[PDB]
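Accompanying notes for the structure given below.
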Amino acid sequence: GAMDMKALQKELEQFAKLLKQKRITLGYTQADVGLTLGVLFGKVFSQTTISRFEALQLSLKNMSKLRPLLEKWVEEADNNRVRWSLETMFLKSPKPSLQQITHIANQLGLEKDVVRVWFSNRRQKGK
Amino acid sequence: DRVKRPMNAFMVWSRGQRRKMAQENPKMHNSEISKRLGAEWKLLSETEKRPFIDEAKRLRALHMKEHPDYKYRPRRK
DNA sequence: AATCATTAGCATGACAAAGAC
DNA sequence: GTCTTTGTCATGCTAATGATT
């Protein structure tokens, strides 16, 4: 509820500020932090998601998921054309047949998975 | 009064090298000095860069102390 | 195994120095 | 304000993944 929300919000505004101060006094870039999460858990994050964590522009669910990994980080540190083709199929067949999907994947040198996902992302783009 | 961004390793190094390359080639435009400093920096070894990397680290830390509430706010077109 | 909402990164661009133009 | 560079941080768009069917 609302009480759990305000409290979780204040907790992260506060941790994000610690994370920023610690990475700066230790001489790390945002990039370095993302890369070094990768070394210590085998799970890389991009400079971008570190920029968004520190500015509180990720979702509170997203911040909560990432905060433990970052607290562990703090601890250790202290010791086109293809699109054109896909658009024209979308226009003729928005939800495509499984066979059509495979054809266009081998035709454009993609796998099925990418193709089916592309169509889903495009369907959701109607607003 | 406006708070500038802190100076990254290359830019720290490029200050002193720019001055020396201007002295060696007094007609050279700053535009051309810059291309030459880029090329020289790409060639420096990791050991040769370290003093400049640590100075940039040090200046980022100080930047925070001087300007606790600083956020980089670039102007979009 | 298949939708919809959400997470995440790639590409991009600003801006730090210098001063001649 | 523009040429010019590397490195760092911010952001717009969309590929990818998670949650829930």
Side-chain angles (χ1 to χ4, degrees), chain A residues 16 19-20 23-24 27-35 37-38 43-67 69 80 82-83 86-87 90 94 96-98 101 110-111 113-121 123-127, chain B residues 2-44 46 48-49 52-57 59-64 66-67 70-77:
Chain A
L19 178 45
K20 182 168 187 218
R23 68 162 259 267
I24 294 290
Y28 282 70
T29 63
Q30 303 178 340
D32 289 325
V33 169
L35 279 152
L37 280 174
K43 187 173 162 65
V44 291
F45 282 119
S46 77
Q47 170 261 319
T48 281
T49 63
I50 294 156
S51 187
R52 297 216 265 240
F53 191 93
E54 291 190 350
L56 304 155
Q57 290 206 311
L58 292 184
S59 154
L60 281 203
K61 290 159 155 168
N62 205 345
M63 308 270 306
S64 301
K65 291 293 181 45
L66 301 182
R67 183 209 185 277
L69 284 328
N80 203 8
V82 173
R83 177 222 48 83
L86 286 159
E87 193 55 41
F90 183 79
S97 64
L98 297 173
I101 289 170
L110 271 72
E111 248 311 300
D113 314 294
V114 194
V115 166
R116 173 212 56 202
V117 151
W118 184 90
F119 277 97
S120 162
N121 291 337
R123 288 138 37 188
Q124 295 177 87
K125 236 227 60 49
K127 213 56 60 229
Chain B
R2 187 177 73 81
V3 177
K4 294 179 206 94
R5 306 199 57 187
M7 269 188 281
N8 79 43
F10 167 70
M11 295 300 295
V12 177
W13 171 87
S14 74
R15 214 211 313 262
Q17 296 296 124
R18 191 167 285 285
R19 249 187 280 100
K20 176 189 180 205
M21 190 146 310
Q23 170 146 71
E24 287 168 11
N25 316 278
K27 284 235 220 222
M28 198 179 281
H29 290 148
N30 279 129
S31 78
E32 230 284 296
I33 292 162
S34 294
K35 303 186 187 167
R36 286 158 101 103
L37 293 176
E40 279 172 25
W41 176 267
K42 299 287 215 44
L43 294 182
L44 296 177
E46 287 310 311
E48 283 151 45
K49 282 159 148 150
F52 306 97
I53 291 177
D54 297 358
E55 188 54 24
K57 285 183 185 200
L59 286 173
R60 279 201 300 281
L62 183 66
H63 202 96
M64 293 282 286
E66 293 166 339
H67 303 117
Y70 171 82
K71 171 70 179 185
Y72 175 39
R73 194 165 288 92
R75 299 172 258 153
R76 239 151 66 212
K77 294 295 186 255

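These values consider heavy atoms only, across backbone and side chains, with no hydrogens, waters or symmetry-generated copies. Numbered from 1 within each chain, the chains take letters A, B, ... in sequence-line order.
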Using the side-chain heavy atoms of B:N8, tell me which of these nucleotides is nearest: C:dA17, D:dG7, D:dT11. D:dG7

Is B:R5 side chain donor-acceptor paired with the D:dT8 base, going by distance under 3.5 Å alone? yes

Is any side-chain N or O of B:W13 closer than 4.0 Å to OP1 or OP2 of C:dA17? no

Nearest-angstrom distance from the residue atom NZ of A:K20 to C1' of D:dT8: 12 Å

Which atoms form the tightest heavy-atom contact between A:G27 and B:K57, and what is the distance? O-CE, 3.1 Å

At their closest point, which heavy atom of A:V44 faces which heavy atom of A:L35, and how far apart are they? CG1-O, 4.2 Å

B:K42 side chain near D:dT6 phosphate (N/O to OP1/OP2, under 4.0 Å): yes

Below 4.0 Å: OP1/OP2 of C:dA14 and any side-chain N or O of B:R73: no

Check whether any side-chain N or O of B:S31 sits under 4.0 Å from OP1 or OP2 of D:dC3, and answer yes or no. no

What nucleic acid atoms does B:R76 come within less than 4.0 Å of, heavy atoms only: base, sugar-phosphate, or nothing? sugar-phosphate

I'd like to know if the side chain of A:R23 reaches the main chain of A:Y28, judged simply by a donor and an acceptor atom lying under 3.5 Å from each other, with no hydrogens or angles considered. yes

Reckon B:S14 has a side-chain N or O less than 4.0 Å from the OP1 or OP2 of C:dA17? no

Euclidean distance, atom CZ of residue A:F119 to atom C1' of D:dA15 [Å, nearest integer]: 15 Å

Would you say the side chains of A:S59 and A:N62 form a donor-acceptor pair under 3.5 Å? no

Do you know the tightest heavy-atom contact between A:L37 and A:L69? CD2-O, 3.7 Å

Picking from C:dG9, C:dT3, C:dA14, which would you name as closest to the side chain of A:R123? C:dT3

Classified through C1'-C2'-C3'-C4' with positive north and negative south, C:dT6 counts as south

For a quick check under 3.5 Å, do A:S51 and A:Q47 share a side-chain donor-acceptor pair by atom type? no

So, OP1 or OP2 of D:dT14: does either fall under 4.0 Å of a side-chain N or O from A:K125? no

Evaluate the side-chain proximity of B:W41 to B:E48: yes if any heavy-atom separation is below 4.5 Å, no if none is. no

Considering just the side-chain nitrogens and oxygens of A:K65, establish if one lies under 4.0 Å of OP1 or OP2 belonging to C:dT7. no

Return the nearest nucleotide to the side chain of B:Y72; candidates are D:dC9, D:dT4, C:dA8. D:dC9

Categorize A:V44 for me: base, sugar-phosphate, or nothing, with a 4.0 angstrom heavy-atom threshold over every strand shown. sugar-phosphate

Which one of B:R15, B:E55, B:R60 satisfies the side chain to side chain contact (heavy atoms under 4.5 Å, CB included) criterion with B:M7? B:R15

Look at the side-chain N and O atoms of B:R15 and state whether any lies under 4.0 Å from the OP1 or OP2 oxygen of C:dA18. yes

Would you indicate which nucleotide in C:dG9, C:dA14, D:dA10 comes nearest to any side-chain atom of A:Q47? D:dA10

Quick note, A:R52 side chain, CB onward, closest among D:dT4, D:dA15, D:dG12 is D:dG12

Protein-nucleotide distance (B:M28, atom CE; C:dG19, atom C1'), rounded to Å: 14 Å

For D:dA15, tell me north or south, taking a positive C1'-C2'-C3'-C4' torsion as north and a negative one as south. south

Whole Å only: how far is the NZ atom of A:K43 from the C1' atom of D:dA16? 12 Å

State, to 0.1 Å, how close A:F53 and A:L66 come at their nearest heavy-atom pair, and which atoms those are. CE1-CB, 4.0 Å

Does a side-chain N or O of A:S59 approach OP1 or OP2 of C:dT7 to a distance below 4.0 Å, or not? yes

Among D:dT11, C:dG9, C:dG19, which is the nearest nucleotide to the side chain of B:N30? C:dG19

Stacking status for step D:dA15-D:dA16 (5.5 Å, 30° cutoffs): yes

For a quick check of understanding: with a heavy-atom distance under 4.0 Å over all strands, which category does A:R83 fall into, base, sugar-phosphate or nothing? nothing

Take the protein atom NZ of B:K4 and the nucleotide atom P of C:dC15, then report the distance between them rounded to whole Å. 14 Å

Rounded to 10°, the angle between the first-five-pair and last-five-pair axes of the helix from C:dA5-D:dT17 to C:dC21-D:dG1 is 40°

Within the pair B:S34 and D:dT5, is there a side-chain N or O less than 4.0 Å away from OP1 or OP2? no

Would you indicate what B:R18 reaches in the nucleic acid, counting non-hydrogen atoms under 4.0 angstrom: base, sugar-phosphate, or nothing? base

In this structure, how many angstroms lie between the P atom of C:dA17 and the CZ atom of B:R36, rounded? 24 Å

Calculate the interatomic distance between B:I53 atom CD1 and D:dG7 atom P; express it in whole Å. 8 Å

Shortest non-hydrogen contact from B:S34 toward B:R18: OG-NH2, 2.5 Å

When you get a sec, tell me which of D:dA15, C:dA17, C:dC4 is the closest nucleotide to the side chain of B:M7? C:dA17

base_contact_polar (D:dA16 base, A:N121 side chain, donor-acceptor, <3.5 Å): yes

Closest to the B:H29 side chain: D:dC9, C:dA20, D:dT6? C:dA20

Name the nucleic acid region contacted by A:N62, choosing base, sugar-phosphate or nothing; use a 4.0 angstrom heavy-atom cut-off, strictly under. sugar-phosphate

Any side-chain N or O of A:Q30 less than 4.0 Å from the OP1 or OP2 oxygen of D:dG7? no

A:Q57 CD to D:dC9 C1', straight-line distance once rounded to whole Å: 12 Å

Side chain of A:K61, heavy atoms from C-beta onward: which of D:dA15, C:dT7, D:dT11 has the nearest atom to it? C:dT7

Picking from C:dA17, C:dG9, D:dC9, the nucleotide nearest the side-chain atoms of A:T48 would be C:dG9

Considering heavy-atom distances to DNA chain D, does B:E32 or B:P74 have its closest nucleotide positioned more toward the 5' end? B:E32

Rounding to 0.5 Å, atoms CD1 (A:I101) and CZ (A:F119) come to a distance of 7.0 Å

